[PDB]
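Structure, as C-alpha cells:
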Amino acid sequence: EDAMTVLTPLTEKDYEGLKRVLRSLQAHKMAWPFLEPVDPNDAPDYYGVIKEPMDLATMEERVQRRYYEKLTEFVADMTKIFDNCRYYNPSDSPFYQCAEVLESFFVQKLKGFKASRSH
Ligand SMILES: CCNC(=O)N1CCN(C(C)=O)CC1
C-alpha cells in the first residue's frame, strides 16, 4: 500500500466512494455467506477458533458511523472477512470458493476507488 492509502485521512467524498464499494459486494451473487455475522447454531465452535470475526453488516454499521479514519483500516476489516473464512473452512468447501471470488472482485473495485480519489 502506497503513500496515500496509509496516510491520507478519509474525506466526505472518499466516504461516498466507500459506500458504493460496500454496496457492490453486498449485491454480488457470491456474497451470501458474508452478509451477516456467522450464526453459531450453524457452526457451534466457530467463535472459539476465530478470534476477530467480521462480516459486511458490521462493516456497513462502521461506514455509517464514520469509524474508519484511513483507507488501510477499511481494507483491513474487509481482508479479515476473507482470511477468517479460508482459515476456518477447508480448501474444497463452497465457503472457501466464495472467499476466492469475492476477494478478487473487491480488489477490482478497490483499484477503481484509489484511481478516483485525486482527480
Ligand atoms: C451456513 C452454515 N454453514 C456452515 O457450516 N458455516 C461455516 C462457517 N461459515 C463461514 C462464513 O465461514 C458459515 C457457516
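No Cβ is skipped: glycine too gets one built from the backbone with ideal geometry, and neighbour counts run over all protein chains shown. Each reported figure results from applying straightforward, stated rules to the coordinates on display, with no laboratory input.
Output yes when any residue across the range 56-69 is exposed (fewer than 10 other Cβ atoms within 10 Å of the Cβ) and within 9 Å of the ligand (Cβ to nearest atom), and no when none is. For the range 56-69, residues exposed (fewer than 10 other Cβ atoms within 10 Å of the Cβ) and within 9 Å of the ligand (Cβ to nearest atom): absent. Considering only residues of the range 12-42 that are surrounded by 15 or more Cβ atoms within 10 Å (Cβ to Cβ) and outside any helix (DSSP H, G or I), which is nearest to the ligand (Cβ to nearest atom)? So, considering only residues that are surrounded by 15 or more Cβ atoms within 10 Å (Cβ to Cβ) and outside any helix (DSSP H, G or I), the one nearest to the ligand (Cβ to nearest atom) is 38. Of all residues in the range 39-62, which are of a type in the set (A, V, I, L, M, F, W, C) and either closer than 19 Å to residue 108 by Cβ or out of contact with any helix residue (DSSP H, G or I) (no Cβ under 6 Å at 6 or more places or on another chain) (or both)? Selection gives 43, 49, 56, 57, 59. Do you know which of the residues in the range 70-94 that are surrounded by 14 or more Cβ atoms within 10 Å (Cβ to Cβ) and of a type in the set (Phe, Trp, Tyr) is farthest from the ligand (Cβ to nearest atom)? Across the range 70-94, the extreme among qualifying residues is 74. Scanning the range 43-52 for residues that are assigned to a helix (DSSP H, G or I) and loosely packed, with under 11 Cβ neighbours inside 10 Å gives 48, 49.
Out of the residues in the range 62-106 that are part of a loop (DSSP other than H, G, I, E, B) and acidic (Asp, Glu), which is nearest to residue 10 (Cα to Cα)?
Among them, the one singled out is 69.
Does residue 47 count as within 16 Å of the ligand (Cβ to nearest atom), farther than 14 Å from residue 31 by Cα and touching a residue at least 24 places away in the same chain (Cβ under 8 Å)? It is false that residue 47 is within 16 Å of the ligand (Cβ to nearest atom), farther than 14 Å from residue 31 by Cα and touching a residue at least 24 places away in the same chain (Cβ under 8 Å).
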